Amino acid sequence: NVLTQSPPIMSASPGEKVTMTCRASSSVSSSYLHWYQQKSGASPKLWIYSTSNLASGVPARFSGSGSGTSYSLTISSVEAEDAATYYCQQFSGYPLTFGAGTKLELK
Amino acid sequence: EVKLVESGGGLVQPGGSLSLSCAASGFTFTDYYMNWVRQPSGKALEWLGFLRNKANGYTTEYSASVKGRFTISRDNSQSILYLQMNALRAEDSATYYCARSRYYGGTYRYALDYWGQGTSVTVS
Amino acid sequence: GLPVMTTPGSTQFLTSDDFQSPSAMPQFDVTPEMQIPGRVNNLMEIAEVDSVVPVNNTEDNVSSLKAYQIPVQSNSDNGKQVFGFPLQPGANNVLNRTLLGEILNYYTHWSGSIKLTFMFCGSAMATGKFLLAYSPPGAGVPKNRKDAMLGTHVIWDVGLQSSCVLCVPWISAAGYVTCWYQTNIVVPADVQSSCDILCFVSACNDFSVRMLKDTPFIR
Amino acid sequence: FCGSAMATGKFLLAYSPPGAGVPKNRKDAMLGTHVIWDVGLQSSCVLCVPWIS
Amino acid sequence: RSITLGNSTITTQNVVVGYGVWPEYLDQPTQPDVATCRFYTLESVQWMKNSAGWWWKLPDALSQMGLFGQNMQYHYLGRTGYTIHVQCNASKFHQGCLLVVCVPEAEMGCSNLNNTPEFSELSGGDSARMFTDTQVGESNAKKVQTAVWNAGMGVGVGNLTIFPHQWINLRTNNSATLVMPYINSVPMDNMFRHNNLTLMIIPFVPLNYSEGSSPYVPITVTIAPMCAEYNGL
Amino acid sequence: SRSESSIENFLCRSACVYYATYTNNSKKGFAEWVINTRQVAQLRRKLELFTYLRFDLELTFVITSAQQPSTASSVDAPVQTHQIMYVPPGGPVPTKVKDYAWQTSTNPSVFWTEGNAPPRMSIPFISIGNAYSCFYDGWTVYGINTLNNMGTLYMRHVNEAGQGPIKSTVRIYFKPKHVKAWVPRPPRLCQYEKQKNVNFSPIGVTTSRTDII
């Protein structure tokens, strides 16, 4: 299974509604897809697990949805500290394959 | 609080071997799954393989492309982890992290929540 | 010689006929019989045993052993729906993949009763009380603890017994087998609180099936 | 067994016949003559054994 | 209470008996009684919090147990009946539910879809193989598919109670007993290329406790042969 | 009315279990089918509900023909005659069309011409042991159990081609009779992947609903 994230390059001004997508090559379960966030040369951190449940220590603006083969993530407002990379992870079988990447730069 | 420190990165010639070491602190080591994810510089992530806890009999499941050349093994004495490398190639120039996995409800999801600082392994 | 006459339907092949057939290998002296233990002579004998109901599906505990376990903990509100499931026949309900369900997906007409044996698997020091309301078909689902007591119901003590058996008919709204908190869970200290509940389903040996067909759980 | 009334456990009481060696393992002690002693059920298990000059 | 047999003696105080029939006996076969009928106590396994489940193949864990490992090896053909005692001992502050079931003809499936699992994976010699709570990988060559929610055979795990079984409910119940007759087609079969039974233990409600109690609960399993008969001149 | 739920009313049916073609003139046209139960899925899942079975067997073939495109010049043929050989477990085997193995002594074979009733035959219960074993946890290679082997079938024409080639199909039917069952088994939930073995991919227990209440 491969993950077609779309699109890789986005930029955004503070205050807007921004979405990114994670589309799978097959029908992956809603309980086996998670999200991460990695800063500029920093350790990656879990952000949303099982497509609807936020992690520990995150603000309440982020929420994701989707089912079947396409899954999305929605942020309410762009802030000053969340311009970084994003990856989605899947598991229908081995191996655990990761996504292409969503790079976000502030405006 | 979990704090996973890893060491052993540096120069190595192609065709040789290398042994990494990843230490654990802040939790009982025999209750959480231990993973290993490499990341090439500016490229997408790839997962290698993990190791189960004491209640599952200490088994491993590698990936399909990297089976055999590596070996995940633990020490019984201290909360420490090993990673044996054998017959490296020129394309394994990446950084190596240390991830933990845990239960969320009562089941096992496949996320990796807490990560190490990452040691860098390059070849020549 | 003897005069005969061929009726129509003579040189035909029916898929469900029964005529005496010529043997291919005579004089074979077949291997004799043996009293092997555990013989079944009617398929309703399989349906009498008890099987665990996956009543806690919720799209995330499906591929684990948390599908059979109902979480029960001492909350702050007095009276909330512990679990509940309808009794619609065949339409993806929770009794579909159990042992009673896998036989009754071969026939089209069946009509009888069901034993719903419960079991509280918690500590031996914790008490509590549970309502087990069954709603008859046609009547609405109870949305409250009070009117669930007005219907047919059975109050289930936990400290006295650990299994309360409920009988209910099942035909080919249709009913609800909802369960409500009556009290909290009184525990002593150094005892955990999050106890679980198993559920079983059976046959009450009093229903028949007609009109065989094939199952839809195959390609 | 003089312990608490809430603790359980199980003990093997292996007797070795004379001439045979001392058992150095749990497994072969089960192969000899032995009696398994529950603690939660009873609190005294009596063993009989001959003794010569 | 205090059942004695052979030279080994254990202590009991409700027994479910197979498919209704008590195990009985029938070239010329022999019926040895003085050197085999004893309670072979297997070694104990530890039930942790997040455990998965264990299994033993029945005419395989008794292949090193003393005199029986000779009578299996010197006598290839054979036919026996069994009697199992499973009891787990804990306090009144533990909680959990076990399912003890004894399945006949338990064929297991490999991880790879084209191969078959090797011998040293299907039966540990007098040791418990363990289930897993995840999936076994595909990239391995020969390993048994041990996902616990499908019980290795490709069946629903809740539907396993059709076989001779018993519930161990640590709130009230404490022990379980099974009596199994010899269930096979051929009356005298090889004992080395055949595993005619399998004793499984699966925890449905997992072990939970408070901080201060012991963090494991031991389970002991005791097997006792019956109607042991072999072939040899 | 539980009399329909009896075992005899549950398995004594008929199902197309094989379907093969063969041409008379290609020098490799002859059908071949090993007899087993694990061929079609629907007959398999109803038969792996039990462990040990014992049944007699009933076979019926519906042979039809079809004209292949010949060259020219007024093609006309007489009726065709199909020979359906049976091989018991532990016999010879044919590898070509014209071979000694068809003309052997103790392989019973029928001879059926077209335009008649279809050629039913019946095989009795053929095993050294006392019952067919639908499952086997042990070696003989793992999970084979060479005791319950029921033999093969072989079909070919006997009419040599004169002017126009003819290919023909065959649909072997199947019907157990006088069935006795033993040791019931819970139904197989996952899919089927291989014929000879029991391998599978893991799958969830039940098609899920959105909530507990």
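A compact table of results
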quantity	calculated
Any hit, region B:55-73, residues being away from chain E (no Cβ under 14 Å) and closer than 21 Å to residue E:137 by Cβ	yes
Selection count, region F:57-70, where residues are at the interface with another protein chain (Cβ under 9 Å from one of its Cβ atoms) and either of a type in the set (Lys, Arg) or surrounded by fewer than 18 Cβ atoms within 10 Å (Cβ to Cβ) (or both)	1
Among (1) touching a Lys or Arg at 6+ places or on another chain (Cβ under 7 Å); (2) over 16 Å from residue F:138 (Cα atoms); (3) more than 7 Å from every other protein chain (Cβ to nearest Cβ) - the single one residue E:115 does not satisfy	(2)
Identity of the residue in region C:78-91, touching a strand residue (DSSP E or B) at 6+ places or on another chain (Cβ under 8 Å) and assigned to a loop (DSSP other than H, G, I, E, B), that ends up farthest from the other protein chains (Cβ to nearest Cβ)	C:78
Residues within region F:177-202 that are surrounded by fewer than 17 Cβ atoms within 10 Å (Cβ to Cβ) and at the interface with another protein chain (Cβ under 7 Å from one of its Cβ atoms), tallied	2
Residue E:30 over 22 Å from residue B:57 (Cβ atoms) and surrounded by 16 or more Cβ atoms within 10 Å (Cβ to Cβ)	no
Some residue of region B:25-40 being surrounded by fewer than 16 Cβ atoms within 10 Å (Cβ to Cβ) and touching a strand residue (DSSP E or B) at 6+ places or on another chain (Cβ under 7 Å)	yes
Boolean, residue E:47 is more than 25 Å from residue F:137 (Cβ to Cβ), in contact with a strand residue (DSSP E or B) (Cβ under 7 Å, 6 or more places away or on another chain) and of a type outside the set (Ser, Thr, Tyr)	yes
Flag for residue B:112 being within 14 Å of another protein chain (Cβ to nearest Cβ), buried (at least 18 other Cβ atoms within 10 Å of the Cβ) and assigned to a loop (DSSP other than H, G, I, E, B)	yes
Test: residue in region C:92-104 that is crowded, with 17+ Cβ neighbours inside 10 Å, under 26 Å from residue E:19 (Cβ atoms) and away from chain E (no Cβ under 12 Å)	yes
Selection from region E:158-200 of residues that are assigned to a loop (DSSP other than H, G, I, E, B), among the charged types (D, E, K, R) and within 14 Å of chain C (Cβ to nearest Cβ)	E:171
Residue that is nearest to the other protein chains (Cβ to nearest Cβ), among those in region C:176-219 that are on the phi > 0 side of the Ramachandran plot and assigned to a loop (DSSP other than H, G, I, E, B)	C:190
Qualifying residue in region F:50-73 (condition: farther than 28 Å from residue F:150 by Cα and among the β-branched types (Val, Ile, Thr))	yes
Odd one out for residue D:37, checked against (1) surrounded by 17 or more Cβ atoms within 10 Å (Cβ to Cβ); (2) more than 16 Å from residue E:219 (Cα to Cα)	(2)
Count of residues meeting criterion [more than 7 Å from chain E (Cβ to nearest Cβ), polar (S, T, N, Q), farther than 21 Å from residue F:95 by Cα and not in a loop (DSSP other than H, G, I, E, B)] in region F:128-170	0
Residues satisfying the stated conditions in region E:118-142, i.e. more than 9 Å from chain B (Cβ to nearest Cβ) and of a type outside the set (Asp, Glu)	E:119, E:120, E:122, E:123, E:124, E:125, E:127, E:128, E:141, E:142
Positions within region C:164-175 being out of contact with any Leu (no Cβ under 7 Å at 6 or more places or on another chain) and not in a loop (DSSP other than H, G, I, E, B), in sequence order	C:165, C:167, C:169, C:171
Qualifying residue in region A:36-46 (condition: within 26 Å of residue F:208 (Cβ to Cβ), polar (S, T, N, Q) and assigned to a loop (DSSP other than H, G, I, E, B))	no
Matching residues, region E:132-168, being of a type in the set (A, V, I, L, M, F, W, C), surrounded by fewer than 23 Cβ atoms within 10 Å (Cβ to Cβ) and farther than 23 Å from residue E:180 by Cα	E:136, E:141, E:144, E:148
Which numbered condition residue C:161 fails, given (1) buried (at least 17 other Cβ atoms within 10 Å of the Cβ); (2) part of a loop (DSSP other than H, G, I, E, B)	(1)
Extreme residue, nearest to the other protein chains (Cβ to nearest Cβ), among residues of region B:76-109 that are closer than 19 Å to residue B:3 by Cα and among the aliphatic types (A, V, I, L, M)	B:99
Qualifying residues in region F:35-56 (those that are assigned to a loop (DSSP other than H, G, I, E, B) and more than 13 Å from the chain's Cα centre (by Cα)) - the one surrounded by the fewest Cβ atoms within 10 Å (Cβ to Cβ)	F:48
Tally of residues being part of a loop (DSSP other than H, G, I, E, B) and under 30 Å from residue C:109 (Cα atoms) across region C:136-158	8
Subset of region C:21-46 [outside any loop (DSSP other than H, G, I, E, B) and not small (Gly, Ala, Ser)]	C:39, C:40, C:42, C:46
Enumerated strands (runs of 3 or more DSSP E) restricted to region E:11-105, each holding at least 1 residues that are closer than 27 Å to residue D:8 by Cβ and within 14 Å of chain C (Cβ to nearest Cβ)	E:77-88, E:97-104
Hey, residue F:74 surrounded by fewer than 16 Cβ atoms within 10 Å (Cβ to Cβ) and on the phi > 0 side of the Ramachandran plot or not	yes
From the options F:125, F:174, residue that is aromatic (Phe, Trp, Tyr), under 21 Å from residue F:44 (Cα atoms) and at the interface with chain C (Cβ under 7 Å from one of its Cβ atoms)	F:125
Residue check, residue E:116 in a loop (DSSP other than H, G, I, E, B), under 22 Å from residue B:31 (Cα atoms) and over 20 Å from the mean Cα position of the chain (by Cα)	no
Qualifying residue in region C:129-138 (condition: closer than 24 Å to residue E:203 by Cβ and surrounded by 20 or more Cβ atoms within 10 Å (Cβ to Cβ))	yes
Residue in region C:52-61 that is closer than 26 Å to residue F:127 by Cβ and assigned to a loop (DSSP other than H, G, I, E, B) present	no
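Note that each Cβ is placed from the backbone with ideal geometry, even for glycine, and that neighbours are counted across all protein chains shown. Readers should treat all values here as calculations from the given coordinates under stated rules, not as data from a laboratory.
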